[PDB]
Structure formats: structure tokens, C-alpha cells
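Below is one structure, written out as C-alpha cells, with a few remarks after it.
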Amino acid sequence: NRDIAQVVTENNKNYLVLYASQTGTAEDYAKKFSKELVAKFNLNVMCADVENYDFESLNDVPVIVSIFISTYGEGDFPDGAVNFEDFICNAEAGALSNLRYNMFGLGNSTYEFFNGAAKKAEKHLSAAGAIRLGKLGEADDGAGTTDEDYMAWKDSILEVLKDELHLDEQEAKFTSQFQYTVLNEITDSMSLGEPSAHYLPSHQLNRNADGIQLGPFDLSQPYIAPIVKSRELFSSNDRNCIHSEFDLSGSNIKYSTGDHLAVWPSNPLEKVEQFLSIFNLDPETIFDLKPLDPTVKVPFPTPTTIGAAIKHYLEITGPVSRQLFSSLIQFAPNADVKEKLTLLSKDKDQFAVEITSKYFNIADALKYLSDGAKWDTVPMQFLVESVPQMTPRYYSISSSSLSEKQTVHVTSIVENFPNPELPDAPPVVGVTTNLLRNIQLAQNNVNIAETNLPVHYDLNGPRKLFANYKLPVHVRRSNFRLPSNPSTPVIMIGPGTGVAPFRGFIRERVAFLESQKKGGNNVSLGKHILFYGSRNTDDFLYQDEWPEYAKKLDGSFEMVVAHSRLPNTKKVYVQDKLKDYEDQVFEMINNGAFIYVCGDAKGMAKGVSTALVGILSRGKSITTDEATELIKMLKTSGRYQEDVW
Ligand SMILES: Cc1cc2nc3c(=O)[nH]c(=O)nc-3n(C[C@H](O)[C@H](O)[C@H](O)COP(=O)(O)OP(=O)(O)OC[C@H]3O[C@@H](n4cnc5c(N)ncnc54)[C@H](O)[C@@H]3O)c2cc1C
Ligand SMILES: Cc1cc2nc3c(=O)[nH]c(=O)nc-3n(C[C@H](O)[C@H](O)[C@H](O)COP(=O)(O)O)c2cc1C
Ligand SMILES: Cc1cc2nc3c(=O)[nH]c(=O)nc-3n(C[C@H](O)[C@H](O)[C@H](O)COP(=O)(O)O)c2cc1C
């Protein structure tokens with residue numbers, strides 16, 4: 001039941017496809033592979049999330065295995081795949097001499113340890129005597145080539161397995177892993193979009209004496225929390241960034257400054273409409289999915305309505321995979337479209353030209369090819385097994401648990417920019433962030449008609465479960481933590497929203513410092529310096545707060561702002577400011593300071609790291625390489641932590 005070799009064998013599976021995915025990217029591609037493997041060779045494949053099984057009996061797997069692994073933190077596996085990571089990192093020599101596998105690693109060359117998880121995993125597997133079929137795939141999210149990278153690796157591996165297994169191909173045809181059934185009435189056991197099944201009327205939320213909602217809150221059961229306060233942090237007529245405050249008192253959730261919050265979204269109504277239209281799906285359709293074997297896991301709560309699935313369960317928005325096109329050939333509206341489609345699925349570049357570059361969503365791509373002709377022969381099952389599952393988006397909590405124990409602050413910059421290719425098309429927006437903004441405007445009685453809100457969301461939720469200004473949520477414990485000793489110096493680097501953690505960090509230090517003031521015994525606070533950065537004065541996050549914080553922390557605090565887009569001057573980054581203050585920074589580091597790097601970036605991570613290596617290199621008068629080794633050490637020990645996304 002958790003005994004991998006046993007599960008495979010008992011269910012007579014010909015192939016095993018494992019995946020270690022944090023955000024689900026690895027999982028979805030794993031599914032794409034599995035589906036195609038069934039479509040072309042009718043193999044009875046097993047899709048498993050590496051986290052749900054015990055790989056002790058891995059060397060007893062009579063079938064070939066495909067491993068899809070992502071890289072996080074250092075060159076390490078996704079949280080909750082460490083068990084797997086350890087079985088591997090501990091498997092002795094010859095411990096997996098029967099294992100035959102191929103692996104596709106998902107990473108991003110913008111980080112040091114690019115695809116290191118897959119690499120580590122490939123090094124230990126071969127160490128235990130496992131034979132590796134085909135080339136080690138490496139999807140580079142940094143170059144935005146992940147989908148094509150997969151297509152490339154995919155095609156070559158399938159050839160290999162065709163040989164290795166002596167399989168006879170066949171025209172690719174879809175085969176549901178479920179038993180689709182169309183119901184007629186809606187029960188209390190049927191979902192209208194509720195997150196986990198526990199929120200279905202016919203189910204009882206597990207609380208305590210005082211009604212406080214209990215149970216563990218994670219990806220398999222969020223906690224619907226209300227956003228009690230919300231405001232705009234920017235003052236730019238093009239960009240927005242929202243400050244959201246979540247009340248967690250109605251639950252036994254505890255968070256530590258430095259943790260992450262996962263916000264479960266829903267789709268923009270105007271996109272839900274586009275999807276439902278191009279296919280010609282009736283929202284009111286009630287359906288149920290019945291697995292065709294124990295290995296198969298229903299995607300979301302069922303039965304449910306088509307419109308609920310498309311609004312709360314499927315990622316109908318985002319870049320269309322070329323593989324989707326290939327899989328859509330079976331249900332082309334007409335011979336015409338079927339041909340155009342066929343071509344695009346095969347031509348890497350034409351696909352990018354006709355679809356990708358225009359920022360299409362499935363709805364758009366298809367409507368583009370059909371010229372409006374609906375794709376009314378596409379099965380909801382296919383759509384369910386073929387469209388990526390919606391997934392929570394994470395945020396660096398910007399509140400202090402010591403001064404907010406029950407409340408959680410989130411600093412999300414809204415994603416919404418003009419289509420670079422189509423000057424008349426709608427903006428390219430992000431679900432969650434625009435959703436958070438919608439709630440923000442709403443909650444504040446802002447006339448959203450005037451605003452630049454590009455889309456809008458169902459703010460009531462399923463059965464009004466989202467009781468105005470509420471959303472499924474769950475805390476994700478991290479390692480980003482302030483030093484134990486208050487005296488230890490601290491260095492915080494966070495461009496843009498990357499300052500979120502640091503706001504909490506400072507709020508923690510400021511809160512703490514208060515307590516000491518009502519207890520006499522004062523502890524001297526080590527030096528705390530912050531390097532922040534933003535375009536101009538309109539995107540200067542929590543501008544008003546820092547001066548107050550500074551007053552309460554006195555000389556223990558120091559902020560260094562940099563602006564990359566002020567008119568008439570030269571673009572300045574935090575790494576630039578790091579070199580300006582190299583003496584201060586070097587000194588602090590020689591005093592055991594801790595280095596914190598947070599934010600999005602695409603570059604900033606290595607940039608800042610490189611800056612420090614320079615500072616160190618000059619400071620201790622050693623080579624760049626030595627200094628690089630010293631920096632790697634500070635990261636291994638934990639004196640240099642990074643929360644870069
Ligand atoms: C550990 C961690 C911490 C984080 N902390 C923060 C934080 O503090 N603050 C913060 O703001 N974010 C943070 N993030 C990022 C955040 O989780 C999301 O990535 C961000 O909010 C985008 O959410 P969304 O719902 O708008 O994205 P999505 O809807 O998934 O959209 C992503 C992007 O793709 C674009 N897009 C949409 N459709 C298409 C298409 N068809 N083709 C191409 N592009 C398309 C969107 O416009 C958008 O820019 C963090 C992430 C992690 C993993
Ligand atoms: C917090 C965070 C840390 C990451 N660290 C690395 C890293 O060290 N190396 C790398 O190659 N990619 C890194 N990535 C990129 C992911 O591996 C990549 O986006 C992958 O597609 C994620 O797949 P998943 O969604 O299946 O987990 C990181 C991503 C995030 C969000
Ligand atoms: C053309 C194209 C198609 C893609 N198709 C998919 C897809 O079907 N499934 C998936 O998980 N990622 C797909 N990706 C990858 C995402 O764009 C990318 O990994 C992004 O970081 C995901 O962010 P998320 O965390 O919001 O999923 C595709 C990328 C491109 C460029």
C-alpha cells in the first residue's frame with residue numbers, strides 16, 4: 001500500500017513513472033509522459049508521487065522506471081521527497097542493480113546548483129548499480145525552454161524505450177484513467193468547488209472545544225482564512241502590489257517569521273468563460289470520476305460541476321504546451337484545423353510564432369486555430385487528465401510571528417502586463433495576484449469600475465464558503481530564520497518584494513526589543529543592515545514604516561535603498577550598493593554576521609553572491625575561487641540563507 005514494488009506488481013503495471021515536484025511542474029510533465037506512453041504503446045503505466053511510497057522494495061520493481069525530479073534550495077530535492085532523496089543517498093553499492101531508469105530533471109540555470117537534484121539523484125542511483133536509459137534530461141526554466149526541453153528529451157527517450165521493450169507503436173489515442181459519469185442532481189457530498197473534501201456539507205470540519213478549526217493544514221487540506229486588512233503598497237498608474245493580512249486565530253495554525261504562506265486561487269471569471277465557450281461545455285453539468293485502478297488518484301473532489309472544475313481545479317491559464325496540441329489532434333473540429341494543428345504540434349518554431357509569442361491560453365490557442373469553430377468533441381475527461389491542476393502560489397510572509405502570532409501579512413506584487421505581440425489583446429495577467437487585488441479593491445469599497453483591474457473573481461466562493469474576503473491557505477515552514485543570538489550581526493538583501501521576509505525580521509526584532517523594555521534586562525541588538533531596491537519612489541515598499549522601525553532600533557538598524565529606474569541617472573542594484581559598503585559588509589561578516597538573500601530576481605541571486613565573493617576576495621586578499629569556496633561554506637553552515645524565487 002506504500003510498498004512500491006508491491007503496488008506495481010499487484011496492479012500488473014508495465015511501467016513506473018515517479019516524480020518529485022514541489023510546485024507540480026515535474027508532476028504534470030510526468031503525467032504528460034505517462035499519458036503519451038499509454039497512447040502510443042497501451043502500456044499500463046503507474047503514476048506515483050515519490051512522497052507517497054516506500055522505496056525499500058525499489059530493487060524488486062520488475063519494470064523500467066522514469067524519474068522526474070525538480071531542484072530546490074541547494075542542489076536538493078523538493079521538501080517532502082527527502083525520504084526518497086535519502087533512500088537514494090544511502091542506497092549502498094549494488095543495492096539497485098536491477099533498476100533500469102531514465103530521468104528528466106527540472107531546474108533553472110539562474111541558480112547555482114542548476115538541476116543539481118537530478119544530478120545528485122543520477123550520481124547515487126548509478127552508485128547503487130542502477131542502469132540509466134537514455135540521456136539525463138535538463139529543463140531550463142531560466143531560459144524559458146522547459147516545455148521544449150521536455151519535448152526534446154521526451155521524443156528521444158520514447159525511441160529508446162520502444163527498443164528496450166520491443167514495443168509496437170500505434171496511432172496515438174486518448175484513454176481515460178477514469179470512469180466518467182454524468183449525474184443529475186447536486187448533493188451535499190458533491191463539490192461545487194470546495195478545496196479539500198472536508199469542506200463539503202456532508203462532511204464535518206474537525207474543530208476543538210471552542211469551535212477553533214483544527215486538523216493539520218497542508219496541500220491536502222487548506223484553511224479558509226479571511227483577509228482582514230488589505231491595501232495598495234504602490235503609487236504607480238501601471239503597476240500594483242497588494243498588502244494582505246490573513247486572520248488565523250480561527251485555527252490552530254502557528255507560523256514562524258520567515259515562513260511561507262500558500263494561497264489557493266480560483267480562475268478569473270472572464271477566462272473561465274473563454275474556456276467553457278471554445279469547448280462548448282455546460283457549467284451546470286454534473287460529473288463524477290471513478291479511478292480505473294487503485295494506482296489512479298482522482299485529481300480533485302468529486303462529483304462536481306464542470307464550471308466548478310474550470311474555476312477551482314484546472315489551471316486553464318498560462319503557456320500552452322506543444323504536447324497539448326499533439327494530444328488535441330484526435331478531437332480537431334474539422335479536417336482543416338486537424339491539419340494546422342498537426343503541423344504546429346511538430347514544428348517547434350512555428351508553434352512559438354503562431355501560439356507562444358502571442359501569450360495564448362488553451363482557450364486562445366484553440367480559438368485561434370478554429371477561427372471560432374468550437375471544439376465540442378473534446379471530452380471533459382480529456383480536459384481533466386490533460387489540463388494542468390491549479391496549484392497554490394507561495395508568498396514570503398512579511399509579518400512577525402512574535403508581534404502578530406495569529407495574523408499573517410502577504411506582500412504580493414500584481415502580475416499584469418500588456419501583450420507584447422498583440423496590441424489589442426487583453427493584458428497578460430496572473431491569477432492569484434489579480435485575485436488578491438480584486439479582494440483588496442472590493443474590501444475597501446473601491447469602485448472597481450474605475451480601476452485598471454484587468455479581470456475579476458468569484459469572491460463568494462463555493463456555497464459562499466469564501467465568506468467574502470476569504471481564501472484557502474496554509475503555512476509552509478521554511479528555514480529562513482533570524483540568528484538565535486540577538487547580538488549576532490544581520491545582513492538582509494531583498495530587491496522589490498524580496499523585502500517581505502525582512503519586514504517580518506525587523507518587526508520581530510522591534511517586537512522583541514519592546515519586551516526587553518518591560519523587563520529591564522536589555523540585550524544589545526547586533527547590527528542589522530538592509531539593502532533594498534526598487535524602480536522609483538512609486539514602488540518603494542512600506543516606505544513609511546522603515547523610519548519608525550529605525551527609531552525603535554536606533555543605531556542597531558541601517559537601511560540602504562537603491563533605485564534602478566529613477567529618471568536621468570544610472571540604474572542601481574543592491575549588489576552595486578553592496579560593493580559601495582564593502583568595508584561595512586566585510587567587517588560585519590568577520591563578526592559572524594548572517595547573510596540573507598530574498599526576492600525574485602533572475603540574476604540577483606548570483607549577482608549578489610558574486611558581489612560577496614568579491615568583497616571577501618578583496619577583504620581577505622585571496623583569489624576569487626578561494627572566496628567562492630568560503631561563500632559556499634557560509635551557505636552550507638547556514639550563515640548565508642537565500643529565499644529566491
Ligand atoms: C518560496 C516562494 C516565495 C514567494 N514569495 C513571493 C512574495 O513575497 N511576493 C510575490 O509577489 N510573489 C512571491 N512568490 C511568487 C508567487 O508565488 C507567484 O509566482 C506570483 O504571485 C505569481 O502568481 P500569479 O497567480 O499571478 O501567477 P500565474 O497566474 O501563475 O502567472 C504567472 C505569470 O505568467 C503570466 N502568464 C499568464 N498567462 C500566460 C501565458 N499564456 N503565456 C505566458 N505567460 C502567461 C502572468 O501574466 C504572470 O506574469 C513566491 C514564490 C515562491 C516559490
Ligand atoms: C524557491 C525556489 C528555489 C529554486 N532553486 C533552484 C535551484 O537551486 N536550482 C535550479 O536549477 N532550479 C531551482 N528552482 C527552479 C525550479 O526547479 C523549476 O522552476 C522547476 O520547474 C520547478 O518544478 P516543480 O514545479 O515541479 O517543482 C527553484 C525554484 C524555486 C521556486
Ligand atoms: C510554451 C510553454 C508551455 C508550458 N506548458 C507547461 C505545461 O503544460 N505544464 C506545466 O506544468 N508547465 C508548463 N510550462 C512551464 C511554465 O511556464 C514555467 O515553469 C513557470 O515557471 C511555471 O509557474 P507556476 O509555478 O505558476 O506553475 C510551459 C512553458 C512554456 C514556455
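If you're wondering about the labels, chains in the C-alpha cells are A, B, ... by order shown, residues count from 1 in each chain, ligands from 1 in order shown.
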Residues within 6 Å of ligand 2 (only C-alpha atoms and all ligand atoms), as a ChimeraX atom specification?
-> /A:21-27,70-75,106-109,111-115,141,643-645
Just the residues within 8 Å of range 255-257 of chain A, please, counting only C-alpha atoms, with nothing from its chain fewer than 4 positions along; format it as a PDB file with N, CA, C and O atoms, in the first residue's frame.
ATOM      1  N   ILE A 397       5.998  35.412   3.947  1.00  0.00           N
ATOM      2  CA  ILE A 397       5.224  36.168   4.923  1.00  0.00           C
ATOM      3  C   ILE A 397       6.011  37.415   5.338  1.00  0.00           C
ATOM      4  O   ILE A 397       7.206  37.344   5.604  1.00  0.00           O
ATOM      5  N   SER A 398       5.351  38.565   5.375  1.00  0.00           N
ATOM      6  CA  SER A 398       6.048  39.786   5.734  1.00  0.00           C
ATOM      7  C   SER A 398       5.659  40.295   7.107  1.00  0.00           C
ATOM      8  O   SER A 398       5.861  41.460   7.434  1.00  0.00           O
ATOM      9  N   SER A 399       5.089  39.413   7.914  1.00  0.00           N
ATOM     10  CA  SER A 399       4.700  39.782   9.264  1.00  0.00           C
ATOM     11  C   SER A 399       5.588  39.014  10.237  1.00  0.00           C
ATOM     12  O   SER A 399       6.278  38.052   9.865  1.00  0.00           O
ATOM     13  N   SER A 400       5.567  39.461  11.484  1.00  0.00           N
ATOM     14  CA  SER A 400       6.346  38.860  12.549  1.00  0.00           C
ATOM     15  C   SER A 400       5.419  37.971  13.370  1.00  0.00           C
ATOM     16  O   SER A 400       4.315  38.375  13.716  1.00  0.00           O
ATOM     17  N   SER A 401       5.845  36.754  13.669  1.00  0.00           N
ATOM     18  CA  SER A 401       5.002  35.877  14.469  1.00  0.00           C
ATOM     19  C   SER A 401       5.058  36.314  15.921  1.00  0.00           C
ATOM     20  O   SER A 401       4.158  36.013  16.697  1.00  0.00           O
ATOM     21  N   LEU A 402       6.125  37.010  16.298  1.00  0.00           N
ATOM     22  CA  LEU A 402       6.255  37.471  17.665  1.00  0.00           C
ATOM     23  C   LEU A 402       5.373  38.681  17.909  1.00  0.00           C
ATOM     24  O   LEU A 402       4.974  38.929  19.041  1.00  0.00           O
ATOM     25  N   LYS A 405       1.492  36.786  16.016  1.00  0.00           N
ATOM     26  CA  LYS A 405       1.148  35.378  16.230  1.00  0.00           C
ATOM     27  C   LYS A 405      -0.018  34.756  15.455  1.00  0.00           C
ATOM     28  O   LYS A 405       0.104  33.655  14.911  1.00  0.00           O
ATOM     29  N   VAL A 475       0.236  27.403   5.859  1.00  0.00           N
ATOM     30  CA  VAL A 475       1.603  27.827   6.132  1.00  0.00           C
ATOM     31  C   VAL A 475       2.585  26.733   5.716  1.00  0.00           C
ATOM     32  O   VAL A 475       2.289  25.550   5.815  1.00  0.00           O
ATOM     33  N   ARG A 477       6.402  25.807   6.522  1.00  0.00           N
ATOM     34  CA  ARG A 477       7.580  26.042   7.350  1.00  0.00           C
ATOM     35  C   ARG A 477       8.833  26.102   6.478  1.00  0.00           C
ATOM     36  O   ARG A 477       9.018  25.279   5.582  1.00  0.00           O
ATOM     37  N   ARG A 481      15.494  32.015   8.872  1.00  0.00           N
ATOM     38  CA  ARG A 481      15.326  32.362  10.269  1.00  0.00           C
ATOM     39  C   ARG A 481      16.415  33.299  10.769  1.00  0.00           C
ATOM     40  O   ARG A 481      17.577  33.158  10.399  1.00  0.00           O
ATOM     41  N   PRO A 501      10.308  39.158   3.767  1.00  0.00           N
ATOM     42  CA  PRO A 501      10.856  38.464   4.935  1.00  0.00           C
ATOM     43  C   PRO A 501      11.496  39.415   5.916  1.00  0.00           C
ATOM     44  O   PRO A 501      11.345  39.291   7.137  1.00  0.00           O
ATOM     45  N   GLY A 504       9.226  41.303   8.240  1.00  0.00           N
ATOM     46  CA  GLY A 504       8.942  40.460   9.379  1.00  0.00           C
ATOM     47  C   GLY A 504      10.126  40.381  10.325  1.00  0.00           C
ATOM     48  O   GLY A 504       9.970  40.507  11.540  1.00  0.00           O
ATOM     49  N   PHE A 505      11.313  40.167   9.762  1.00  0.00           N
ATOM     50  CA  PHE A 505      12.541  40.085  10.546  1.00  0.00           C
ATOM     51  C   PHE A 505      12.698  41.294  11.448  1.00  0.00           C
ATOM     52  O   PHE A 505      13.015  41.160  12.626  1.00  0.00           O
ATOM     53  N   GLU A 508      10.085  41.468  14.058  1.00  0.00           N
ATOM     54  CA  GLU A 508      10.381  40.521  15.115  1.00  0.00           C
ATOM     55  C   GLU A 508      11.372  41.180  16.068  1.00  0.00           C
ATOM     56  O   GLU A 508      11.167  41.195  17.273  1.00  0.00           O
TER      57      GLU A 508
END
Write out as a list in words the residues lying within 9 Å of residue 357 in chain A, counting only C-alpha atoms and excluding same-chain residues fewer than 5 positions away.
->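 Near residue 357 in chain A, the qualifying residues are residues 351, 352, 420 and 421 of chain A.
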Write out as a tab-separated table a residue-level contact list of range 453-534 of chain A versus range 571-584 of chain A with cut-off 9 Å: for each qualifying residue the closest pair of atoms and the distance in Å to one decimal, counting only C-alpha atoms, rows sorted by chain and residue number upward.
residue	atom	partner	partner_atom	distance
A:493	CA	A:574	CA	7.1
A:494	CA	A:574	CA	7.8
A:495	CA	A:574	CA	6.8
A:531	CA	A:574	CA	6.0
A:532	CA	A:574	CA	6.4
A:533	CA	A:574	CA	6.0
A:534	CA	A:573	CA	8.3
Write out, as a CSV table (one decimal), in the first residue's frame, the residues just selected, with C-alpha atoms.
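Below is the file that was written, part26.csv:
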chain,number,residue,atom,x,y,z
A,493,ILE,CA,19.4,41.7,0.9
A,494,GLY,CA,16.0,41.9,-0.8
A,495,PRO,CA,15.1,43.8,-4.0
A,531,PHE,CA,19.8,46.6,1.3
A,532,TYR,CA,16.5,47.2,-0.5
A,533,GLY,CA,15.9,48.1,-4.2
A,534,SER,CA,13.1,49.3,-6.5
Give the alpha helix (DSSP H) residues of range 152-280 of chain A, as DSSP finds them on the backbone, and put them as an mmCIF file with N, CA, C and O atoms, in the first residue's frame.
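Saved to out_7.cif:
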data_model
loop_
_atom_site.group_PDB
_atom_site.id
_atom_site.type_symbol
_atom_site.label_atom_id
_atom_site.label_comp_id
_atom_site.auth_asym_id
_atom_site.auth_seq_id
_atom_site.Cartn_x
_atom_site.Cartn_y
_atom_site.Cartn_z
ATOM 1 N N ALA A 152 11.993 17.621 -26.420
ATOM 2 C CA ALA A 152 13.232 17.071 -26.945
ATOM 3 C C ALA A 152 13.600 15.756 -26.254
ATOM 4 O O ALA A 152 13.712 14.720 -26.903
ATOM 5 N N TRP A 153 13.781 15.805 -24.939
ATOM 6 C CA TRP A 153 14.128 14.625 -24.147
ATOM 7 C C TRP A 153 13.080 13.527 -24.333
ATOM 8 O O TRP A 153 13.402 12.353 -24.509
ATOM 9 N N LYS A 154 11.817 13.935 -24.282
ATOM 10 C CA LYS A 154 10.678 13.034 -24.436
ATOM 11 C C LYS A 154 10.822 12.154 -25.683
ATOM 12 O O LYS A 154 10.886 10.921 -25.601
ATOM 13 N N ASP A 155 10.883 12.810 -26.834
ATOM 14 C CA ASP A 155 10.997 12.118 -28.099
ATOM 15 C C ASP A 155 12.148 11.130 -28.174
ATOM 16 O O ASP A 155 11.965 10.013 -28.655
ATOM 17 N N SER A 156 13.328 11.513 -27.698
ATOM 18 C CA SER A 156 14.460 10.591 -27.758
ATOM 19 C C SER A 156 14.282 9.389 -26.823
ATOM 20 O O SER A 156 14.592 8.255 -27.185
ATOM 21 N N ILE A 157 13.770 9.636 -25.623
ATOM 22 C CA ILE A 157 13.566 8.562 -24.665
ATOM 23 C C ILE A 157 12.543 7.545 -25.147
ATOM 24 O O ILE A 157 12.714 6.342 -24.937
ATOM 25 N N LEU A 158 11.481 8.023 -25.787
ATOM 26 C CA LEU A 158 10.451 7.119 -26.277
ATOM 27 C C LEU A 158 11.003 6.167 -27.308
ATOM 28 O O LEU A 158 10.536 5.030 -27.414
ATOM 29 N N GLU A 159 11.991 6.630 -28.073
ATOM 30 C CA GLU A 159 12.608 5.784 -29.083
ATOM 31 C C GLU A 159 13.354 4.697 -28.331
ATOM 32 O O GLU A 159 13.215 3.508 -28.625
ATOM 33 N N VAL A 160 14.135 5.110 -27.339
ATOM 34 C CA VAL A 160 14.902 4.166 -26.538
ATOM 35 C C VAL A 160 14.011 3.090 -25.912
ATOM 36 O O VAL A 160 14.290 1.899 -26.029
ATOM 37 N N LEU A 161 12.940 3.508 -25.246
ATOM 38 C CA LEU A 161 12.044 2.551 -24.614
ATOM 39 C C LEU A 161 11.324 1.663 -25.612
ATOM 40 O O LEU A 161 10.955 0.533 -25.277
ATOM 41 N N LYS A 162 11.114 2.177 -26.827
ATOM 42 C CA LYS A 162 10.448 1.401 -27.869
ATOM 43 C C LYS A 162 11.352 0.208 -28.147
ATOM 44 O O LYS A 162 10.883 -0.923 -28.258
ATOM 45 N N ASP A 163 12.653 0.470 -28.236
ATOM 46 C CA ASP A 163 13.640 -0.580 -28.471
ATOM 47 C C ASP A 163 13.711 -1.481 -27.255
ATOM 48 O O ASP A 163 13.288 -2.627 -27.286
ATOM 49 N N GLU A 164 14.267 -0.931 -26.186
ATOM 50 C CA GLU A 164 14.437 -1.630 -24.929
ATOM 51 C C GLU A 164 13.320 -2.582 -24.592
ATOM 52 O O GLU A 164 13.547 -3.670 -24.075
ATOM 53 N N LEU A 269 -13.020 35.032 -13.768
ATOM 54 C CA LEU A 269 -14.286 34.685 -14.394
ATOM 55 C C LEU A 269 -14.246 34.815 -15.923
ATOM 56 O O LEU A 269 -14.754 33.931 -16.637
ATOM 57 N N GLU A 270 -13.620 35.886 -16.425
ATOM 58 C CA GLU A 270 -13.539 36.111 -17.876
ATOM 59 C C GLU A 270 -12.702 35.087 -18.633
ATOM 60 O O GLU A 270 -12.808 34.973 -19.853
ATOM 61 N N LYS A 271 -11.874 34.342 -17.907
ATOM 62 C CA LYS A 271 -11.056 33.305 -18.518
ATOM 63 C C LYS A 271 -11.867 32.017 -18.443
ATOM 64 O O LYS A 271 -11.823 31.197 -19.355
ATOM 65 N N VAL A 272 -12.615 31.852 -17.354
ATOM 66 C CA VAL A 272 -13.458 30.669 -17.179
ATOM 67 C C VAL A 272 -14.460 30.650 -18.319
ATOM 68 O O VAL A 272 -14.765 29.594 -18.870
ATOM 69 N N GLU A 273 -14.967 31.824 -18.674
ATOM 70 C CA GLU A 273 -15.923 31.915 -19.766
ATOM 71 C C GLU A 273 -15.290 31.504 -21.086
ATOM 72 O O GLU A 273 -15.871 30.731 -21.837
ATOM 73 N N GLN A 274 -14.104 32.030 -21.369
ATOM 74 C CA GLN A 274 -13.397 31.698 -22.600
ATOM 75 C C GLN A 274 -13.223 30.178 -22.774
ATOM 76 O O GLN A 274 -13.458 29.624 -23.850
ATOM 77 N N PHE A 275 -12.794 29.522 -21.701
ATOM 78 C CA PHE A 275 -12.567 28.083 -21.703
ATOM 79 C C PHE A 275 -13.867 27.327 -21.989
ATOM 80 O O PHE A 275 -13.935 26.515 -22.914
ATOM 81 N N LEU A 276 -14.890 27.597 -21.181
ATOM 82 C CA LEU A 276 -16.195 26.956 -21.328
ATOM 83 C C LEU A 276 -16.786 27.152 -22.725
ATOM 84 O O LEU A 276 -17.503 26.291 -23.230
ATOM 85 N N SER A 277 -16.484 28.281 -23.350
ATOM 86 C CA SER A 277 -17.024 28.565 -24.662
ATOM 87 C C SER A 277 -16.359 27.822 -25.791
ATOM 88 O O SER A 277 -17.005 27.096 -26.522
ATOM 89 N N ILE A 278 -15.063 28.001 -25.946
ATOM 90 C CA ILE A 278 -14.375 27.342 -27.038
ATOM 91 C C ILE A 278 -14.636 25.841 -27.142
ATOM 92 O O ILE A 278 -14.595 25.283 -28.236
ATOM 93 N N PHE A 279 -14.918 25.196 -26.011
ATOM 94 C CA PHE A 279 -15.177 23.752 -25.992
ATOM 95 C C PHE A 279 -16.657 23.440 -26.083
ATOM 96 O O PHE A 279 -17.064 22.403 -26.612
#
Sort by chain and increasing residue number a table of all residues of chain A within 6 Å of ligand 1, each with its closest pair of atoms and their distance in Å to one decimal, counting only C-alpha atoms and all ligand atoms, and write it as CSV.
residue,atom,partner,partner_atom_place_in_ligand_line,distance
A:317,CA,ligand 1,38 (N),5.4
A:318,CA,ligand 1,38 (N),3.6
A:319,CA,ligand 1,42 (N),3.8
A:359,CA,ligand 1,42 (N),4.1
A:360,CA,ligand 1,41 (N),4.3
A:361,CA,ligand 1,41 (N),4.4
A:393,CA,ligand 1,17 (O),4.0
A:394,CA,ligand 1,17 (O),3.8
A:395,CA,ligand 1,5 (N),3.4
A:396,CA,ligand 1,8 (O),3.9
A:411,CA,ligand 1,9 (N),5.2
A:412,CA,ligand 1,11 (O),3.3
A:413,CA,ligand 1,11 (O),4.2
A:415,CA,ligand 1,49 (O),4.6
A:416,CA,ligand 1,47 (O),5.2
A:428,CA,ligand 1,47 (O),4.1
A:429,CA,ligand 1,47 (O),3.5
A:430,CA,ligand 1,26 (O),2.9
A:431,CA,ligand 1,25 (O),3.8
A:432,CA,ligand 1,25 (O),3.3
A:433,CA,ligand 1,26 (O),4.5
A:497,CA,ligand 1,9 (N),5.2
A:500,CA,ligand 1,8 (O),5.5
A:645,CA,ligand 1,52 (C),5.1
Counting only C-alpha atoms, the residue of A:591, A:564, A:251, A:179 that sits nearest residue 406 in chain A =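 Once distances to residue 406 in chain A are computed over only C-alpha atoms, the minimum belongs to A:251.
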List the neighbours of residue 474 in chain A out to 6 Å using only C-alpha atoms; skip same-chain residues closer than 4 positions along the sequence, and give me the result as a compact mmCIF listing (two decimals) with C-alpha atoms, in the first residue's frame.
# COMPACT_ATOMS: atom_id res chain seq x y z
CA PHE A 217 -3.25 22.29 7.23
CA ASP A 218 -1.25 21.49 4.13
CA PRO A 222 -6.18 24.20 3.35
CA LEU A 261 2.03 31.13 3.01
CA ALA A 262 0.33 29.15 0.26
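The smallest atom-to-atom distance between residue 435 in chain A and any of A:390, A:167, A:608, A:453, using only C-alpha atoms, is found for A:453.
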Using DSSP on the backbone coordinates, identify the residues of range 540-604 of chain A assigned to strand (DSSP E); present them as a count of residues only.
-> 13
For range 613-617 of chain A, work out the shell of residues within 10 Å, counting only C-alpha atoms and skipping chain neighbours fewer than 2 positions away, then give it as a ChimeraX atom specification.
-> /A:578-583,585-587,589-590,607-611,619-632
Nearest to residue 306 in chain A by atom-to-atom distance, counting only C-alpha atoms, from A:182, A:492, A:96, A:38 |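 That would be A:182, the residue with the smallest distance to residue 306 in chain A.
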Just give me the gap between CA of residue 203 in chain A and CA of residue 439 in chain A in Å, one decimal is fine.
-> 27.9 Å
Surrounding residues of residue 553 in chain A excluding itself and chain neighbours under 2 positions, 12 Å, only C-alpha atoms, as a list in words = residues 506, 507, 508, 509, 510, 511, 512, 513, 514, 523, 524, 525, 526, 527, 528, 529, 546, 547, 548, 549, 550, 551, 555, 556, 557, 558 and 559 of chain A
For residue 181 in chain A, which of A:311, A:40, A:290, A:231 is the closest residue, counting only C-alpha atoms?
-> A:290
Would you list the contacts of residue 635 in chain A as a list in words, taking every protein, DNA or RNA residue within 9 Å and counting only C-alpha atoms, but skipping same-chain residues closer than 6 positions in sequence?
-> residues 74, 595, 641 and 642 of chain A
